[PDB]
Every structure is written in structure tokens, then in C-alpha cells.
> 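My questions will all concern the structure given below.
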Amino acid sequence: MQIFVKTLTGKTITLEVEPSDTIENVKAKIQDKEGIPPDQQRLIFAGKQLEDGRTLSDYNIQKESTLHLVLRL
Amino acid sequence: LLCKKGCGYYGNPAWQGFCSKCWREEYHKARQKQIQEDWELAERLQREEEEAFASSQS
Ligand SMILES: [Zn+2]
């Protein structure tokens, strides 16, 4: 399925993912497209920072959901 | 009974009383408010990383 990951700086990343994907997995995917390392990434959906060991389905992230990416410094 | 937006179609219990089309409109509305809210939060959190970095190198 597709989900979109918006940055604050004018970019939307489209990812190919499964409800079963871990957050760690999704961040690996962002490293693939964007060259950003997983540990520089904070992902947000529905008011919450997403945890590395949980899956998209744990958050009811469905087809076409939009997450936000913030950079960790 | 009938759709709560007053559509003239029947609403579905599994969709809070709404019909297929009216429920898709509510769903879209909710998902826009969620994206706005997450944007606001991602601003807060970005402000905060830049500050935490800045006081770290100050
Ligand atoms: Zn209706």
C-alpha cells in the first residue's frame, strides 16, 4: 500500500509498505529514498511519535495515510 | 433509520449512522484535521530539537 511521509521543508516521500511493517523498517525505507539514517528520524501520526518496535497497523495507519518526519539532532 | 446528514439514503450502523458517500466525506474531514494537528506537533518538535542542539553547542 502507499503511505506518505511529509517533511516541514516541502517534500512528500511516497513509500510502498504493508500494515505489518515495523517503524524501524519504514525508517530503513526512508534511508533508501532519502539517504537519512534511521537514527536521525522521528515519525508522527495522529498526535504521537511512532516507536521502532511497533508496526503501522498498531497505529491504524491504512492506505494513503500521511505521517510527518522530523529530523533528530 | 436514514442517513444522519439527511441525504435520503440509509445510514450504516458501522459508519456512525452515515451512508457510504456521507461517511467518506466525514472520513476525509477527520483525516484533514489529523494532518493539520500532526503538522503542528511536528513544528513543536522541530523547534525543540533545534533548541536542544543549540544549547548543547552553546
Ligand atoms: Zn448520506
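Below, each value reflects all heavy atoms present in this structure, side chains not excepted, and no hydrogens, waters or symmetry copies. Chain letters run A, B, ... following the sequence lines, proteins first, then strands; residues in each count from 1.
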> Determine the option with the most heavy-atom pairs under 4.5 angstrom with chain B, choosing from A/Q49, A/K48, A/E64.
A/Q49
> Go through the atoms of A/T7 and report whether side chain, backbone, both or neither lie under 4.5 Å from a heavy atom of chain B.
backbone
> Report which part of B/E48 has an atom under 4.5 Å of a heavy atom belonging to chain A: side chain, backbone, both, or neither.
neither
> Salt bridge or not between B/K5 and B/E25? Use side-chain N to carboxylate O under 4.0 Å.
no
> If you draw a 6.0 Å radius around NZ in A/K29, do more than 12 non-hydrogen atoms from other residues or ligands fall strictly inside?
yes
> Counting only non-hydrogen atoms closer than 4.5 Å, does A/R42 touch chain B with its backbone (N, CA, C, O), its side chain (CB onward), both, or neither?
side chain
> Does a side-chain N-to-carboxylate-O contact under 4.0 Å join B/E26 and B/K29?
yes
> Between the side chains of B/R47 and B/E43, is the shortest nitrogen-to-carboxylate-oxygen separation below 4.0 Å, so that they form an ion pair?
no
> Can you tell which part of B/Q46 gets under 4.5 Å to a heavy atom of chain A, answering side chain, backbone, both or neither?
both
> Does A/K6 pair with B/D38 as a salt bridge, N-O distance under 4.0 Å?
no
